[PDB]
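# Summary of structural features
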Amino acid sequence: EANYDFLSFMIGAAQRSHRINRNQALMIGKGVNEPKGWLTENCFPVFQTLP
Amino acid sequence: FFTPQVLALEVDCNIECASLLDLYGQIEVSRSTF
Amino acid sequence: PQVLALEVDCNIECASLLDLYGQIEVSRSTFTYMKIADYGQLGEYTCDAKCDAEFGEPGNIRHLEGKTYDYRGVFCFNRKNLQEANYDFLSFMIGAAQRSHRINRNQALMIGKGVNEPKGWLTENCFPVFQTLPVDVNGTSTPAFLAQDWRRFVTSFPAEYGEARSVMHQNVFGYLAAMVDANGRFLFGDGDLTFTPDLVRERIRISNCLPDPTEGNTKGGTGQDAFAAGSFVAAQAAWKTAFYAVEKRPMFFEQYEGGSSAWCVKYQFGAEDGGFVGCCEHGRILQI
Amino acid sequence: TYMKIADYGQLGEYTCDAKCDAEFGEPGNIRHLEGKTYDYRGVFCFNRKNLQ
Amino acid sequence: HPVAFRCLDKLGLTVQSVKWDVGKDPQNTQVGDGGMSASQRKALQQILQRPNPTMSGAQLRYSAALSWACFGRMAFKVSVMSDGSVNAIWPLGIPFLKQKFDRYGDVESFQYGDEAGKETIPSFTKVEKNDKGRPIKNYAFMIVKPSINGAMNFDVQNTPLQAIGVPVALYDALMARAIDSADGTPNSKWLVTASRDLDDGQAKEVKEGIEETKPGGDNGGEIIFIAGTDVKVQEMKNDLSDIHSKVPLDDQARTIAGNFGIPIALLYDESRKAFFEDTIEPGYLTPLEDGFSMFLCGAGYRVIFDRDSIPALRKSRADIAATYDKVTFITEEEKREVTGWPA
Amino acid sequence: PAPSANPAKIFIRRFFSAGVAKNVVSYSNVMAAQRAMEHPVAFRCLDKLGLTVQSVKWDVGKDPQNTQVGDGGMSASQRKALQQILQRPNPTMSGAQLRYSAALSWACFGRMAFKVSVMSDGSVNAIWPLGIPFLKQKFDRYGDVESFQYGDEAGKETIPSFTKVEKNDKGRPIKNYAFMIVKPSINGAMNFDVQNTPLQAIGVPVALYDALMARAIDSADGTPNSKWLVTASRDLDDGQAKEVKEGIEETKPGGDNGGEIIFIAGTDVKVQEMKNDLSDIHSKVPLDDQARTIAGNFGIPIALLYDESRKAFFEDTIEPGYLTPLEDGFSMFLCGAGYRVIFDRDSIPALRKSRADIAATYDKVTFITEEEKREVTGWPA
């Protein structure tokens, strides 16, 4: 029952959660249990403007 | 979300009488007083 | 050391009060239907020379619905004696589960109690119930049930409802056939050692798991054998409109991988069905 | 010997439609019992001349 | 099982190799031919060559012979349209196929499935027949293998699996011994043991000395010199060459192979010709042909497979044809029929 | 015609559930076929089977049992296009490579999958093989497969099966589809069953082979290869225990005193010669038996690893286990009736002699017309 197909909603709401979580990980993921993102590793040369 | 399948039964449960009409003397008038 | 093929089991079913009830088949697990409460009165015998009218009183149209209930169970084995046995436990148990469904469904559909069981017409107690008078004997007022009552009961059904069968435990029918008039004559089947007319012509279907007021066929009643007034004896109803039985899916049998821990292989079975009482005005109950 | 199927167990229970499981039921007995058979015999004599 | 599966799929493959066709039967004494329409026979040819979609006649032959070998049973399903013209053929899973008998002597319907599947497909015996005798609705076959004490359909199965339980258990037990002792027995040699008074600290010098001669060492091929305190080495035999018990292993393989009717040589060409014309033909080919021929078409016409198909019989048929040609006190027609070639 | 009501609904009820896109083969089976590609004997048997079938030549032609006078060669131009493709498949691919990969997957998993791209009028455009390991299929409600899922997340081409696809007025499809040729097994279950592969019953022998060979490689390096375990007493003045060592050691080929006797005055030294057989490390007797198992289960006469054995290997297992199932699978759904894919038996270089002798002897027979003398040895008309 439940005319609105729920199974197709979950598999769609699982690849979506996976997609944005992967993008979030490769950026700021911290060491253990996450790919070390290039924003948190901080070995890119960094330039800062003066006030 | 749960659409209930509508079946096509129709319970009546009421009760009529018999009829004494055919026994009575049938007759037909055309005016309103005879 | 000379194993036979004899498989004496000696177990009994009921009759089936299923071909009587109106059958309806549904796919979804929730159905809904309409009902006419009353047509109401429309128009009076008004007087003449009055340029007016009266709105009367409109009727009513109710909208009912009912669900379907499920019936499931479980049984496993040991997978070691099933490989050496000289028989087949599975095909025996497959029948042993359908056997439990047919007798539980019919009984529950008859005496079901509200929640998660279709309300049977017995416990519903909206069928008008008719009770019989007691009799006098040697001053005592023991209750009884004479053949005079049975004819009064069956005939008192409203004719406009339609043709209506009757249901009773066969021990009651044995009680009727064995009645004696004043001196010594049987009331039915005078002088042929047996009274057994074609039931389908007398429209009396017989069953064996009704309340059976003559307990164990041992309460005909003259002294301490009285019928214990307040016992069901027989019923009568236009069953094709007084009670319906819905069916969605028959039984199923599925192996349950997981839970089978390599010692006891566990099967799983279940079914879904249901019933509900329609207009319970077509139908009456005889009582002591 | 032969089988003596005793009584089918009560398997189903009409559970509620929420639980993800059934409930166990009573089992059945088969009672593999046996039975023997007896023999019947006797004798009777005759002469030879007295029979010719 | 290794050998059991090898013998089964071989028998499955060989039977699957023959080619079907409908044809006039040789013993055609029925001048009132049962080729009812000559169109049902045409459709019957198409269906034997192209059965139910997503399945070919070859796979049908393989599954039928396989189920016949494992259980001694063969079941099928037909879909005759309205006029004896069969539409499709389906093989039936024999493990979960149940049938119910009549009161007199035979089966009338087959139940296929416990719960949802409840198609009480009728037997060929009782089903809506045409005016000539051909059925009009579905039915099933249930080809059975005979047995002792009669009981045409009530009897026990007759399959080679009934008399190979003892050997197959012996094999799996013995190979279990083989795999078990394979890992668990040390694969090392040279159990060297010292004496008591050897001053660990120089006893290890003895170990590194005897150790540093393996391929990769330093004094390999060279000698070992031990000054005082004679150390004693013993070489472990480590036979390990009879772990599977070769002698009481091949005897089991021969038993569970001979019971299936396969010359041991197969696992030379004479043995192949024998295996074809002694076990395969008169245990799978003729019962399948007779069962299909019994109730799929009227008298005078029946299903046939061409023997020439068999690549192992081509040389045999060839010489037989040659020598018969030399004979003279025989008319041409019987010279034909004795080696196929109907007319 | 088609009644669409097969008895294969017995499984979709509860044994299976519709609309799930189940995988065709177990993950264990994929790994087992993977690791068997590096095993010496299994890989030797595997590439042999694919090799022999890859030598056979394709062509479309009339079928012998042509009772269908209404020939299914619907256009006679689709047949020319089909012939082109069976000789030239999708670009960067030949027909031989198709036969090799197809029969190979049939050996490892017991299935064959393909894909066609019929343009608009039954004219096939190209054919692609499909990877059995990562191929999923989706079943209908009645009895069979409707679509094939090929890929996890990005690639989701829900390719229709041959049964349901936009057909022509004659019956030929218009759009793409797949085949999924299946090897049957016990208990029917045309598609719902377990695979039928020789790899099922070779698990124990290959593990035996790896274990014994692992013992072999190990004991080769680890067992000292040195001889002459010499031992001295506890009075020899280490300082002359060296020179007695230099005396015995300096006898090697090309030494100071090489080949001369060893004289030890006093303090009798005791030499013992080790055996170090090392000649049965692989357990030859319980190795070739396992080799005979994993080769026999592939249907291989041991002699191949004399000519009569080659003839048997060709016409007992290769033809009626790889040639006829592939040909019937194609012939079922690649062209109409009356025409089907054929391969010339005369292309087998081993059977050339046998056909020639059979043709020779048949020539001598006289109670036989010329046309049936032809068809009994190929040569249609």
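Per the deposited record, determination of this structure is attributed to cryo-EM, with the resolution reported as 4.5 Å.

In the nomenclature of the PDB entry, chain E is known as Portal protein, gp7 of Agrobacterium phage Milano. The title given to this PDB entry is "Structure of neck with portal vertex of capsid of Agrobacterium phage Milano".

Now for the nonpolar core. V116, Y177, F179, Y322 and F330 of chain F are the most contacted members of the largest nonpolar core, which has 88 residues in total. If one sorts the elements of this core by residue count, helix 8 (residues 307-332) of chain F sits on top with 8 residues. Those residues in contact with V116 of chain F, other than ones at most four positions away along the chain, are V124, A126, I127, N176, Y177, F179 and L334 of chain F. Formed by 49 residues, the second largest nonpolar core is a distinct cluster that contains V15, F76, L266 and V303 of chain E.

Before going further, it helps to examine the pattern of salt bridges. One pass over the structure, following the stated rule, counts 32 salt bridges over all chains. Here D288 of chain F makes a salt bridge to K284 of chain F, at a shortest N to O gap of 3.4 Å. Of the charged contacts, one joins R355 of chain F and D346 of chain F as a salt bridge, the two residues approaching to 2.8 Å between their closest N and O atoms. One network of salt bridges, in which partners are shared, links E1 of chain A together with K248, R249 and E272 of chain C.

On to the interface of chain E and chain F, then. Residue-level contacts link 96 residues of chain E with 101 residues of chain F. Taken over both partners, the interface formed by chain E and chain F buries close to 8,600 Å², and the fraction arising from carbon and sulfur atoms is 60%. In this assembly, chain E and chain F are joined by 8 salt bridges. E315 of chain F is the salt-bridge partner of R272 of chain E, the closest N and O atoms lying 2.5 Å from each other. In this assembly, chain E and chain F are joined by 31 residue pairs in polar contact. Considering only residue class, the side of chain E that touches chain F consists of 44 nonpolar, 27 polar and 25 charged. Where strand 10 (residues 224-226) of chain E meets strand 11 (residues 229-231) of chain F, 3 bridges bridge the pair, whose relative direction is parallel. Paired with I226 of chain E across the bridge in strand 11 of chain F is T231 of chain F.

Within the structure shown, the criterion is met by 3 disulfides over all chains. Linked covalently through their sulfurs, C126 of chain C and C280 of chain C form a disulfide whose S-S length is 2.0 Å. Pair noted here: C126 of chain C is in the loop between helix 3 (121-124) and strand 5 (129-131) and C280 of chain C is in the loop between strand 10 (266-277) and strand 11 (284-287), with a separation of 154 residues, a long-range link. Judged by relative accessible area, which is 28%, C126 of chain C ranks as partly exposed. The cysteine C17 of chain B is free of any disulfide, with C13 of chain B supplying the nearest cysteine sulfur at 16 Å. By relative accessible area, which is 71% here, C17 of chain B ends up exposed. Residue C10 of chain C stays outside any disulfide, its sulfur separated by 16 Å from that of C14 of chain C, the closest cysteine. What makes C10 of chain C exposed here is its relative accessible area of 62%.

Okay, the packing of helix 2 (residues 40-54) of chain F against helix 8 of chain F next. Residue and element names in this part refer to chain F. Put simply, helix 2 and helix 8 touch, their axes get as near as 11 Å, and they point 85° apart. When the axis of helix 2 is compared with that of helix 8, the two are roughly perpendicular. Between helix 2 and helix 8, the contacting residues are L49, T52 and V53 on the first element and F313, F314, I318, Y322 and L323 on the second.

Conventions we followed
Residues numbered from 1 in each chain as written, not as in the entry; some residues may be left out. Chains lettered and ligands numbered in written order. Part of a larger assembly, values for the part shown. Heavy atoms only, no water. Core = buried A, V, L, I, M, F, W, Y, C linked by side-chain atoms within 4.5 Å. Buried < 20%, exposed > 50% of the residue type's maximum accessible area, 1.4 Å probe, protein only. Helix = DSSP H or I, 4+ residues; strand = E, 2+ residues; numbered from the N terminus. Contact = heavy atoms within 4.5 Å. Salt bridge = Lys/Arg side-chain N within 4 Å of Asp/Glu carboxyl O. Buried area = accessible area lost by both parts, 1.4 Å probe. Polar contact = N/O pair within 3.5 Å; in protein donor to acceptor, adjacent residues only side chain to side chain. Nonpolar A, V, L, I, M, F, W, Y, C, P; charged D, E, K, R; others polar. Pairing = 2+ DSSP bridges. Disulfide = S-S within 2.5 Å. Axes fitted to C-alpha atoms, helices over the stretch in contact; angles between N-to-C directions. Parallel < 35°, antiparallel > 145°, perpendicular 65-115°, else oblique.

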